[PDB]
Each structure stands twice: as structure tokens, then as C-alpha cells.
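> Data: entry14.txt, compact mmCIF, C-alpha atoms.
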```
# COMPACT_ATOMS: atom_id res chain seq x y z
CA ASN Y 1 0.00 0.00 0.00
CA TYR Y 2 0.98 3.63 -0.52
CA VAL Y 3 -0.80 5.48 2.26
CA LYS Y 4 0.98 8.01 4.38
CA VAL Y 5 0.83 7.21 8.01
CA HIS Y 6 2.59 10.32 9.11
CA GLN Y 7 0.50 13.30 9.98
CA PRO Y 8 1.88 16.75 9.55
CA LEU Y 9 1.75 17.81 13.10
CA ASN Y 10 1.09 21.49 13.00
CA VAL Y 11 1.95 23.18 16.26
CA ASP Y 12 3.75 26.38 17.01
CA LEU Y 13 7.21 26.79 18.36
CA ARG Y 14 5.80 28.19 21.57
CA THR Y 15 3.85 25.06 22.42
CA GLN Y 16 6.76 22.83 21.45
CA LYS Y 17 9.23 25.12 23.21
CA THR Y 18 7.39 25.05 26.52
CA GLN Y 19 7.36 21.27 26.26
CA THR Y 20 11.09 20.99 25.50
CA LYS Y 21 11.93 23.04 28.48
CA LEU Y 22 9.46 21.30 30.69
CA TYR Y 23 10.51 17.75 29.81
CA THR Y 24 14.10 18.60 29.57
CA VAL Y 25 14.13 19.68 33.16
CA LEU Y 26 12.33 16.65 34.32
CA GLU Y 27 15.09 14.49 32.92
CA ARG Y 28 17.56 16.50 34.94
CA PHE Y 29 15.68 15.65 38.10
CA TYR Y 30 15.85 12.03 37.25
CA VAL Y 31 19.47 12.23 36.31
CA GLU Y 32 19.84 14.15 39.55
CA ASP Y 33 18.80 11.18 41.66
CA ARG Y 34 15.52 12.46 43.06
CA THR Y 35 12.19 10.65 43.37
CA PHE Y 36 9.44 11.44 40.97
CA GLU Y 37 6.95 11.91 43.70
CA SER Y 38 9.02 14.65 45.18
CA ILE Y 39 8.68 16.95 42.28
CA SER Y 40 6.41 19.89 42.97
CA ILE Y 41 4.91 21.72 40.01
CA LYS Y 42 6.35 24.97 41.20
CA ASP Y 43 9.66 23.23 41.32
CA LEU Y 44 9.36 22.06 37.72
CA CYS Y 45 7.67 25.13 36.28
CA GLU Y 46 10.18 27.65 37.64
CA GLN Y 47 13.26 25.82 36.37
CA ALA Y 48 11.84 25.53 32.88
CA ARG Y 49 11.12 29.21 32.65
CA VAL Y 50 7.48 28.22 32.39
CA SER Y 51 4.54 30.07 33.92
CA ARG Y 52 2.27 27.78 35.91
CA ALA Y 53 -0.78 29.03 34.06
CA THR Y 54 0.81 28.02 30.79
CA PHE Y 55 1.61 24.58 32.15
CA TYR Y 56 -1.80 24.29 33.76
CA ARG Y 57 -3.72 25.35 30.69
CA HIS Y 58 -1.66 22.99 28.52
CA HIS Y 59 -0.85 20.32 31.12
CA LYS Y 60 -3.06 18.91 33.87
CA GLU Y 61 -0.23 16.92 35.47
CA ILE Y 62 3.54 16.54 35.46
CA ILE Y 63 3.20 12.96 34.30
CA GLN Y 64 1.47 14.46 31.29
CA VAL Y 65 4.68 15.87 29.79
CA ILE Y 66 6.10 12.36 29.68
CA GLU Y 67 3.04 11.16 27.84
CA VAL Y 68 3.60 14.07 25.50
CA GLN Y 69 7.25 13.26 25.13
CA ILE Y 70 6.29 9.73 24.33
CA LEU Y 71 3.81 11.20 21.87
CA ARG Y 72 6.52 13.45 20.43
CA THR Y 73 8.94 10.53 20.16
CA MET Y 74 6.46 8.46 18.15
CA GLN Y 75 6.33 11.37 15.69
CA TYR Y 76 9.69 10.56 14.29
CA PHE Y 77 8.83 6.92 13.98
CA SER Y 78 6.02 7.61 11.56
CA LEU Y 79 8.11 9.89 9.38
CA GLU Y 80 10.77 7.23 8.98
CA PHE Y 81 8.17 4.49 9.08
CA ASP Y 82 6.74 5.48 5.73
CA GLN Y 83 10.26 5.98 4.41
CA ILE Y 84 11.68 2.62 5.47
CA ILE Y 85 11.21 -0.36 3.20
CA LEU Y 86 8.41 -2.38 4.75
CA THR Y 87 9.18 -5.85 6.01
CA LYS Y 88 8.26 -7.37 9.33
CA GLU Y 89 11.91 -7.18 10.24
CA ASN Y 90 12.36 -3.65 9.06
CA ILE Y 91 9.45 -2.56 11.18
CA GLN Y 92 10.96 -4.69 13.92
CA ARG Y 93 14.36 -3.29 13.16
CA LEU Y 94 12.88 0.17 12.94
CA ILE Y 95 11.47 -0.41 16.40
CA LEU Y 96 14.78 -1.67 17.74
CA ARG Y 97 16.57 1.51 16.68
CA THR Y 98 13.89 3.54 18.44
CA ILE Y 99 14.41 1.73 21.75
CA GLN Y 100 18.15 1.81 21.48
CA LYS Y 101 18.15 5.47 20.52
CA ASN Y 102 16.43 6.72 23.65
CA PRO Y 103 17.29 4.94 26.77
CA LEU Y 104 16.74 7.99 28.82
CA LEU Y 105 13.09 8.11 28.10
CA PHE Y 106 12.37 4.56 29.18
CA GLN Y 107 14.20 4.92 32.48
CA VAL Y 108 12.18 8.08 32.97
CA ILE Y 109 9.03 6.24 31.93
CA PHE Y 110 9.43 3.42 34.45
CA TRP Y 111 10.67 5.98 36.93
CA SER Y 112 7.41 7.91 36.81
CA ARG Y 113 5.33 4.74 36.85
CA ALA Y 114 4.17 5.86 33.43
CA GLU Y 115 4.08 2.38 31.97
CA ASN Y 116 0.33 2.37 31.53
CA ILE Y 117 0.44 5.74 29.74
CA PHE Y 118 3.07 4.53 27.36
CA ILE Y 119 0.85 1.56 26.61
CA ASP Y 120 -2.19 3.72 26.08
CA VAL Y 121 -0.31 6.07 23.79
CA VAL Y 122 1.76 3.56 21.84
CA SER Y 123 -1.03 1.04 21.28
CA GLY Y 124 -3.32 3.59 19.74
CA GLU Y 125 -0.82 4.36 17.07
CA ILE Y 126 -0.46 0.71 16.44
CA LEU Y 127 -4.04 0.54 15.73
CA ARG Y 128 -4.25 3.66 13.72
CA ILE Y 129 -1.33 2.65 11.66
CA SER Y 130 -2.79 -0.71 10.98
CA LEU Y 131 -6.08 0.79 10.05
CA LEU Y 132 -4.34 3.02 7.51
CA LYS Y 133 -2.32 0.08 6.22
CA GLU Y 134 -5.20 -2.38 5.90
CA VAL Y 135 -4.07 -4.95 8.46
CA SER Y 136 -6.55 -7.06 10.37
CA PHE Y 137 -6.55 -8.06 14.00
CA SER Y 138 -7.86 -11.19 15.58
CA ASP Y 139 -9.11 -8.97 18.33
CA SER Y 140 -10.38 -5.48 17.97
CA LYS Y 141 -8.28 -4.29 20.88
CA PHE Y 142 -6.03 -6.83 22.45
CA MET Y 143 -3.47 -7.57 19.82
CA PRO Y 144 -2.44 -4.00 20.02
CA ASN Y 145 -1.82 -3.96 23.69
CA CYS Y 146 0.15 -7.14 23.24
CA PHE Y 147 2.57 -5.56 20.82
CA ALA Y 148 2.91 -2.45 22.90
CA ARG Y 149 3.15 -4.28 26.15
CA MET Y 150 5.67 -6.41 24.45
CA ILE Y 151 7.70 -3.49 23.29
CA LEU Y 152 7.72 -1.91 26.66
CA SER Y 153 8.92 -5.06 28.16
CA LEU Y 154 11.54 -5.25 25.56
CA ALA Y 155 12.70 -1.86 26.44
CA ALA Y 156 12.84 -2.87 30.09
CA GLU Y 157 15.01 -5.90 29.68
CA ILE Y 158 17.54 -4.09 27.63
CA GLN Y 159 17.96 -1.41 30.19
CA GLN Y 160 18.40 -3.79 32.99
CA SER Y 161 20.98 -6.00 31.52
CA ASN Y 162 24.60 -5.07 31.87
CA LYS Y 163 25.16 -6.43 28.36
CA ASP Y 164 24.89 -4.51 25.09
CA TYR Y 165 22.66 -5.98 22.43
CA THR Y 166 23.20 -5.13 18.81
CA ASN Y 167 20.13 -5.06 16.63
CA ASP Y 168 21.31 -8.23 14.98
CA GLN Y 169 21.55 -9.55 18.48
CA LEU Y 170 18.03 -8.50 19.46
CA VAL Y 171 16.35 -9.40 16.19
CA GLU Y 172 17.71 -12.90 16.54
CA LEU Y 173 16.26 -12.91 20.04
CA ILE Y 174 12.86 -11.79 18.96
CA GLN Y 175 12.78 -14.80 16.79
CA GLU Y 176 13.97 -17.50 19.04
CA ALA Y 177 10.94 -16.46 20.99
CA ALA Y 178 8.42 -16.24 18.24
CA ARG Y 179 9.42 -19.79 17.47
CA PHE Y 180 8.65 -20.70 21.07
CA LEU Y 181 5.08 -19.40 20.96
CA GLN Y 182 4.71 -21.45 17.80
CA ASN L 1 11.77 33.58 18.99
CA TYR L 2 8.73 31.60 17.85
CA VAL L 3 9.34 31.34 14.08
CA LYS L 4 9.61 27.86 12.54
CA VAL L 5 12.65 26.21 10.93
CA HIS L 6 10.99 23.13 9.44
CA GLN L 7 9.70 23.28 5.93
CA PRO L 8 6.81 21.04 5.18
CA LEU L 9 6.75 18.19 2.76
CA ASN L 10 3.71 16.54 1.42
CA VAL L 11 5.54 13.81 -0.38
CA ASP L 12 3.76 10.90 -2.00
CA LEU L 13 4.25 7.53 -0.42
CA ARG L 14 5.31 6.25 -3.81
CA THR L 15 7.81 9.04 -4.27
CA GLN L 16 9.12 8.60 -0.75
CA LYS L 17 9.28 4.84 -1.20
CA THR L 18 11.14 4.94 -4.51
CA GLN L 19 13.89 7.13 -3.13
CA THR L 20 14.20 4.81 -0.16
CA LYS L 21 14.46 1.77 -2.41
CA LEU L 22 17.03 3.58 -4.53
CA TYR L 23 19.32 4.63 -1.70
CA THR L 24 19.37 1.13 -0.23
CA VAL L 25 20.90 -0.27 -3.40
CA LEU L 26 23.47 2.50 -3.44
CA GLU L 27 24.04 1.72 0.20
CA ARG L 28 24.32 -1.95 -0.60
CA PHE L 29 26.52 -1.31 -3.58
CA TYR L 30 29.01 0.68 -1.54
CA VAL L 31 29.03 -1.93 1.21
CA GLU L 32 29.86 -4.53 -1.41
CA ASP L 33 32.84 -2.27 -1.91
CA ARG L 34 31.64 -1.52 -5.44
CA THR L 35 32.98 1.36 -7.54
CA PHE L 36 30.60 4.29 -7.77
CA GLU L 37 31.81 5.18 -11.26
CA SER L 38 31.12 1.57 -12.20
CA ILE L 39 27.48 1.74 -11.19
CA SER L 40 24.86 2.03 -13.90
CA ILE L 41 21.20 2.96 -13.79
CA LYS L 42 20.04 -0.26 -15.39
CA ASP L 43 21.73 -2.38 -12.75
CA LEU L 44 20.54 -0.12 -9.95
CA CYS L 45 16.97 -0.16 -11.20
CA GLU L 46 16.98 -3.88 -11.99
CA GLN L 47 18.47 -4.44 -8.58
CA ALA L 48 16.31 -1.81 -7.03
CA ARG L 49 13.03 -2.90 -8.60
CA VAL L 50 12.15 0.62 -9.72
CA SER L 51 10.65 1.60 -13.05
CA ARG L 52 13.42 2.89 -15.24
CA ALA L 53 10.96 5.27 -16.66
CA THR L 54 10.26 6.47 -13.14
CA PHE L 55 13.87 7.09 -12.24
CA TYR L 56 14.75 9.47 -15.07
CA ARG L 57 11.81 11.80 -14.63
CA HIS L 58 12.82 12.60 -11.06
CA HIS L 59 16.59 12.91 -11.60
CA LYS L 60 19.10 12.96 -14.45
CA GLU L 61 21.88 11.00 -12.71
CA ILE L 62 22.56 8.40 -10.01
CA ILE L 63 24.31 10.89 -7.75
CA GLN L 64 20.97 12.63 -7.30
CA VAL L 65 19.73 9.83 -5.05
CA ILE L 66 22.50 10.68 -2.64
CA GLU L 67 21.33 14.26 -3.01
CA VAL L 68 17.83 13.33 -1.87
CA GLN L 69 19.14 11.35 1.08
CA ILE L 70 21.08 14.35 2.31
CA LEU L 71 17.89 16.34 1.88
CA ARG L 72 15.89 13.82 3.91
CA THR L 73 18.22 14.10 6.88
CA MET L 74 17.77 17.84 6.56
CA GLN L 75 14.09 17.39 7.17
CA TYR L 76 14.64 15.45 10.33
CA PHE L 77 17.28 17.82 11.31
CA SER L 78 14.98 20.70 10.96
CA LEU L 79 12.39 18.86 12.84
CA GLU L 80 14.86 18.05 15.53
CA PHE L 81 16.13 21.64 15.49
CA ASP L 82 12.83 23.16 16.57
CA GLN L 83 12.51 20.82 19.49
CA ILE L 84 15.63 21.98 21.27
CA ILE L 85 16.18 25.22 23.13
CA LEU L 86 18.42 27.20 20.80
CA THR L 87 21.82 27.83 22.32
CA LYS L 88 25.17 27.57 20.61
CA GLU L 89 26.13 24.49 22.58
CA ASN L 90 22.64 23.17 22.00
CA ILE L 91 22.81 23.52 18.23
CA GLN L 92 26.28 22.03 18.13
CA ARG L 93 25.21 18.86 19.88
CA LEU L 94 22.35 18.27 17.49
CA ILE L 95 24.57 18.59 14.50
CA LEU L 96 27.11 16.39 16.04
CA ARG L 97 24.57 13.73 16.81
CA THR L 98 23.69 13.74 13.21
CA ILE L 99 27.14 13.15 11.97
CA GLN L 100 27.29 10.24 14.35
CA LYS L 101 23.86 8.85 13.42
CA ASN L 102 24.57 9.01 9.70
CA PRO L 103 28.04 7.49 9.38
CA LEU L 104 26.88 5.21 6.60
CA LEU L 105 25.56 8.12 4.56
CA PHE L 106 28.81 10.03 4.84
CA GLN L 107 30.90 7.16 3.59
CA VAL L 108 28.66 7.09 0.57
CA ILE L 109 29.10 10.74 0.15
CA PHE L 110 32.78 10.33 -0.29
CA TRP L 111 32.56 7.10 -2.23
CA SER L 112 29.95 8.96 -4.10
CA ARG L 113 32.09 11.98 -4.54
CA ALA L 114 29.09 13.93 -3.55
CA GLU L 115 30.77 16.50 -1.40
CA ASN L 116 30.11 19.55 -3.45
CA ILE L 117 26.51 18.58 -3.27
CA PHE L 118 26.52 18.26 0.43
CA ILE L 119 27.95 21.72 0.86
CA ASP L 120 25.48 23.47 -1.39
CA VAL L 121 22.40 21.99 0.20
CA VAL L 122 23.66 21.98 3.72
CA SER L 123 24.83 25.44 3.09
CA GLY L 124 21.54 26.30 1.65
CA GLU L 125 19.76 25.01 4.73
CA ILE L 126 21.97 27.00 6.97
CA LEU L 127 21.50 30.19 5.19
CA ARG L 128 17.82 29.67 5.23
CA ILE L 129 17.52 28.84 8.91
CA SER L 130 19.76 31.78 9.75
CA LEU L 131 17.53 34.26 7.96
CA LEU L 132 14.48 32.95 9.84
CA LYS L 133 16.15 33.60 13.17
CA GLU L 134 17.09 36.98 11.72
CA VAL L 135 20.79 36.16 11.83
CA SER L 136 23.15 37.77 9.43
CA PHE L 137 26.43 36.69 8.13
CA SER L 138 28.03 39.56 6.42
CA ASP L 139 29.30 37.49 3.68
CA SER L 140 26.30 35.37 3.26
CA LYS L 141 27.81 32.99 0.83
CA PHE L 142 30.88 32.49 2.69
CA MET L 143 29.53 31.87 6.08
CA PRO L 144 27.04 29.27 5.11
CA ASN L 145 29.32 27.55 2.72
CA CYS L 146 32.26 27.80 5.11
CA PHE L 147 30.17 26.30 7.87
CA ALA L 148 29.07 23.67 5.39
CA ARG L 149 32.65 22.70 4.72
CA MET L 150 33.56 22.42 8.31
CA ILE L 151 30.69 20.00 8.81
CA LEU L 152 32.02 17.69 6.10
CA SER L 153 35.50 17.75 7.61
CA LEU L 154 34.18 16.63 10.99
CA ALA L 155 32.59 13.61 9.39
CA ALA L 156 35.76 12.80 7.48
CA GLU L 157 38.09 13.16 10.45
CA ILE L 158 35.47 11.26 12.41
CA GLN L 159 35.22 8.62 9.70
CA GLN L 160 38.98 8.35 9.25
CA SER L 161 39.86 7.89 12.93
CA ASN L 162 40.06 4.45 14.52
CA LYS L 163 39.61 6.23 17.84
CA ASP L 164 36.09 7.16 18.86
CA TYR L 165 34.81 10.42 20.28
CA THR L 166 31.96 11.28 22.61
CA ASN L 167 29.97 14.41 21.87
CA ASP L 168 31.22 16.08 25.01
CA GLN L 169 34.75 15.50 23.78
CA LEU L 170 33.91 17.00 20.40
CA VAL L 171 32.48 20.14 21.93
CA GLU L 172 35.63 20.60 23.96
CA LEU L 173 37.78 20.02 20.90
CA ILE L 174 35.56 22.11 18.68
CA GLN L 175 35.84 24.78 21.27
CA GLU L 176 39.49 23.93 21.61
CA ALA L 177 39.90 24.88 17.96
CA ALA L 178 37.91 28.10 18.08
CA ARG L 179 40.09 29.40 20.89
CA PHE L 180 42.97 28.59 18.56
CA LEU L 181 41.22 30.31 15.66
CA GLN L 182 40.67 33.62 17.42
```
Have the structure of the file written as C-alpha cells, please.

Amino acid sequence: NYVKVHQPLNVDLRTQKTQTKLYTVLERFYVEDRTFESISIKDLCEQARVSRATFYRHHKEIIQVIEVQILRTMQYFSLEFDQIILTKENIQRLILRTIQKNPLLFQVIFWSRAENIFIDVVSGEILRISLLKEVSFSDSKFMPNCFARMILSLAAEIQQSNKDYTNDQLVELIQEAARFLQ
Amino acid sequence: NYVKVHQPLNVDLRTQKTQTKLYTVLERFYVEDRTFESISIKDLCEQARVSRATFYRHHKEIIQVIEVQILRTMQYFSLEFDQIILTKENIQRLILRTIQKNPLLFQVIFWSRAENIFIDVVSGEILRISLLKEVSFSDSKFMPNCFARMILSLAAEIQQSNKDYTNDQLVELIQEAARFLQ
């Protein structure tokens, strides 16, 4: 098929800018060895040179920036996704490069107990993409979560292992397994 | 300021796909250690499974494909560019990251002999972004082009060296040099 899955994502610099400065300061807190719970909004908003009203109008909660950053991160994936030659492995290999390219997100994601949000966000795009691409799912709404839940858990293992896994390494792994499920 | 760097592309899936198919073969052909001069459109198309009629209408010569690839990165770059707070160190890191991300492309550029193409486009992007931010080089051919040539050299020195450099190292060195060039 030749359907674009990417969506121009029109948004101004101001909205994006407030996000970049808001998330980018959150990461510092993480990197700075402090608990997620302990982050007051005032604390976050001041550092980012963000007015609370701006954050509040745009963002209900701090955890919300992470959802947005996850949402922002998936934006690249689509742009490349159309571009990449489409094979199950390429999509798989496209996914692998995405996980291996931001490790800092995932640590932040688990850190904030944002795992459910990632799943909610990521899965929806799996559907949407598949709807655009004419793929059909045993189950309206479970196959998706499986892939997303499975990605997340892939991300998790990688980050927990001392070892470094090349894509060739991982792709081989994701196949020993598939064989196991039959 | 709040003005936007990223141009917008509404590019057909087919058009986007064909370029992607085309670059892969060039990528594969280099990796095979094949001569660029040796390469012919018939072999590339037969190998690349693209209509030979289709290829000519878009570009006169094979080197153009490399031209498009450089352009594609530009699009992500621009996208990436907007999503960072704009500071000199900040801009430097993004560029750097890109030289690091795209090592395969750069080798093709030299194998290709597509340097003078890189400079023109990447020098074109720079001029264009600079105007948007209101920035003025006095010689506005020289500054963009000169900056374009420095970017190529980083890749080449980076490509050439067995030793490997972290971004933080590069910034220190890049700043090391500027102190030396003042």
C-alpha cells in the first residue's frame, strides 16, 4: 500500500518550546537522583522558565509531559516508518533503533510509573497505523496492547541487563521467541 | 523567537518509497565495496526494482539519489532543530549527533564523490535557517558555505579515525579549535 501514516503535526514553536523546556528539566531531576513523587509543580515550572498558568492550561499533570514526550517521540517513527522499506523485520528493526536510541526516556518512563500511559499512547498508534495500512486483528483491541506491552517489556530488559545488544543480536532474540510461541 | 525552521513536505508515499528503495541499493553497492563510477542505472533499477521510466523523470543522474538522502536528513534535522532550546552548545550537539547517526551516509558521500553537493544543500539550509532567526552573516555565501565545509570535515576526520569520540569531547575540541582560531 501507498498510504501516508505520518501526519503533519502542526503546532507552534511556543507550544513545542514550553514542552522541550518542561521535559528537559524533568530528565535533569531524574538524572539528579531524586524521586518522581518529590517533584512539585512549582519546582518544575520555575526551572523551565514556564509560567504555571501556561503549564496548567496545557498540562493537567507533570506525568502528562512524559506522555507528550512519548507522543513526540512516536512522531519521528512515523516519518521514517513510511520511508523505510516495509518488512516485518524492518518494522521490527525500525522499532529496535527507536528503543536503542532513547534509553533515557524509558528509564524516565518506568521511573514515573508511566508504563500504563506509554501503553495507552503507543497502542493507539499501532491501531491507527494498521487501520491506515489495511491490516486485520484477531481482536479489535487486544493484539495491540500485546505488541505495545511487548515493546515496553523489551525496552525494560535491555535497560536492565549489563550487556549490550546489537540489533542483529536483538532481532535474533525476537525470533527465538516467536518460534517458542509457535 | 517563535518562528519555525521546518519546511513542510507533502511527499507521496510512492515518491518517498522509490527514493528509499534507490538509496538502499546505493548503500548496498558501496558496502559490497563496489565502484561508484562503475554503477549504472540499469543495474541499480533492476536491482532496485524501480521503473526505469520512473527514475529518469525525477533525476538525471545516479548521484541525485545521494542528493535526496542528504535532503531527507535535513528534514529530520529541521524537525529536531525546533525541538531543542536554541543555544550555541545546543545547536552544536544536534549537528554532532547527526554526523554520528549518519556514518553510513557520509561514507557514501565520499565514495559517491558527492561532497560539493553536500555543501550546497547543507549550506543552503543553513542560510535559510539563519535568515528565519534573523541572523546575518556579512558574507552570506561564505559563512554558510564555510560552515558547510567544516561539517564535512568533521565527518571525514570522524570517519577516518580508529579512535572514537563522545559528543562532550567534540564540543571541547571544537571549542578547543575556536580558541585557537581567534
> Select, from Y:148, Y:129, Y:41, Y:95, the residue with the minimum atom-to-atom distance to residue 54 (chain Y), counting all atoms listed in the file.
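For residue 54 (chain Y), the nearest of the candidates is Y:41.
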> Taking only C-alpha atoms into account, which residues of chain L are within 9 Å of chain Y, as a list in words?
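The answer, sorted by residue number, is residues 1, 2, 3, 4, 8, 9, 10, 11, 12, 13, 14, 16, 17, 19, 20, 21, 24, 76, 79, 82, 83, 84 and 85 of chain L.
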> Which residues are near residue 140 (chain L)? Cut-off 12 Å, all atoms listed in the file, ignore same chain within fewer than 4 positions. Put them as JSON, numbers by chain.
{"L": [123, 124, 126, 127, 128, 130, 131, 135, 136, 144, 145, 146, 147]}
> Restricting the calculation to all atoms listed in the file: of Y:177, Y:61, Y:122, Y:117, which residue gets closest to residue 39 (chain Y)?
Y:61
> Of the residues Y:160, Y:42, Y:154, Y:88, which is the one nearest to residue 55 (chain Y), using all atoms listed in the file?
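Checking each candidate against residue 55 (chain Y), we get Y:42 as the closest.
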> I'd like to know which of L:48, L:94, L:68, L:111 is closest to residue 35 (chain L), using all atoms listed in the file.
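When distances to residue 35 (chain L) are compared using all atoms listed in the file, the smallest one comes from L:111.
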> Give me, please, the distance in Å between CA of residue 69 (chain L) and CA of residue 116 (chain L), quoted to one decimal.
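Taking CA of residue 69 (chain L) and CA of residue 116 (chain L), their separation equals 14.4 Å.
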> Just to confirm, what's the straight-line distance from CA of residue 151 (chain L) to CA of residue 64 (chain L) in Å (one decimal)?
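Answer for the CA of residue 151 (chain L) to CA of residue 64 (chain L) separation: 20.2 Å.
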> To one decimal in Å, tell me the separation between CA of residue 182 (chain Y) and CA of residue 169 (chain Y).
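Separation of CA of residue 182 (chain Y) and CA of residue 169 (chain Y): 20.6 Å.
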